[PDB]
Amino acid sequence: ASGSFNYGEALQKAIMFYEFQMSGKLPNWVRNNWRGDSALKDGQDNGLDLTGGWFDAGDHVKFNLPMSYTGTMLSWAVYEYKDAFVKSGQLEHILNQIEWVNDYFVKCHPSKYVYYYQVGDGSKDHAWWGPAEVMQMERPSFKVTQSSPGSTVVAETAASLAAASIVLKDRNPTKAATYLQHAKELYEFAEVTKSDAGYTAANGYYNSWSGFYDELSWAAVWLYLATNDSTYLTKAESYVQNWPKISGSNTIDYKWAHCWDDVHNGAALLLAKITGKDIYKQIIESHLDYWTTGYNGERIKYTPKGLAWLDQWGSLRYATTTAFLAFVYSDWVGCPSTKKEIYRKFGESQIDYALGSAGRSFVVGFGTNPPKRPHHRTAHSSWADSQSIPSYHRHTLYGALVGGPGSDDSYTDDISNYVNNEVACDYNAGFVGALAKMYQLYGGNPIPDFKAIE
């Protein structure tokens, strides 16, 4: 331990967060004793077992686009920083979560060109405030097919399975092989269709804003790393020409973040490492420069206390994700020497901000004055379909990164504030990776064998 925070405790808790999001019949490896079996009929309206995976946020919809982006990012964390997971004793836990979610994606892929991308209706789910185990509303399941396609979600799910096939190969080679075959098939489904016309049930929640060419690249990169089949690298590289642009221009948009919707930055970073080509270094460096010292004279907004601030809804998610990219690229022998130190220090600053450098932790159950009322139905555990009853959450959602402060560093801690005070799979995803790197650098010991037991 040589840093400002206990990064192993933070990593351990940030992984544990996913336990609390689990849907379906809980396996005996779950550490906590307060979540129970839930959503056991998922898929039965379509004749299939679609139980499992993760509830998305503070709700009980299963939205496979952010769920699969999460899947990919957790495996990317292991891919980069396995030795940190081994040292902290956290490898088994993050692999359990990766296996869990990719098992659910396999369930969601019951015919080559049939993929279930949602379980739950946003309207019905959101209208009730109570814990998962007692839900009584209908929970329809929704699918895309060749005639009603969803290339964005299908490709992102392909990425997740390909990445899992890599990092789970040592522990479970059989399952890793299964995941790779489903990844290949899903990738073909997304390429043959190149359309999101049938991806409708997530509208209002997780629309595909940027389109699917960023996911086509990203999934092909993971598939290349899983297979060593150079066709996938050809595709990955090719689809760069159709990546999201600054509107009205031919210039790839570097002013957002790697996130559930838009994975081109991570794809660029990995293509830079794989190929060494200046084209990809130019993409990822424009982005990381914009977030740090500036690019072509403009720089992301910063709060006074040092948060790089993209948007008021899940500001910490975007900054912590960019932190992980900054660490991965700065670890690369190809990164320019001086940018190494700029990028690393930027990543440290954003993770430290999350953990409490500004005076307050933004991670549930960790640090100084952490959030106590996250917008989360199951942690709260109302018996009265009411955010105000009980006044205090029944359960502590250890490790959950909340949305984050305003652009002036302020924050409140209100159950009703889903903009600043919700928690989500995608919010924790890059954060886990960035925490592994900080533990690698600075240590801080996890709480031995910590379990969230009431």
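Just count from 1 along the sequence shown to find any residue number.
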Between 150-158 and 225-233, which has the larger average Cα B-factor in the PDB entry?
225-233
Mean CA B-factor: is it higher for 37-45 or for 397-405?
37-45
Highest-ranked of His376, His109, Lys273, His258 once sorted by CA temperature factor in the record
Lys273
Highest recorded C-alpha temperature factor, please, choosing from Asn421, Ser386, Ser68, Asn28.
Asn28
CA B-factor placement of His264, once the chain's modelled residues are sorted into thirds
lowest
Quick check for you: using the entry's CA B-factors within this chain, is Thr338 in the lowest, middle or highest third?
highest
According to the PDB entry, is the CA B factor of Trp243 in the bottom, middle or top third of its chain, that is, lowest, middle or highest?
highest
Report the third (lowest, middle or highest) to which the CA temperature factor of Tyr442 belongs, ranking only the modelled residues of the same chain.
highest
For the chain shown, is the CA B-factor of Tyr213 in the lowest, middle or highest third of its modelled residues?
middle
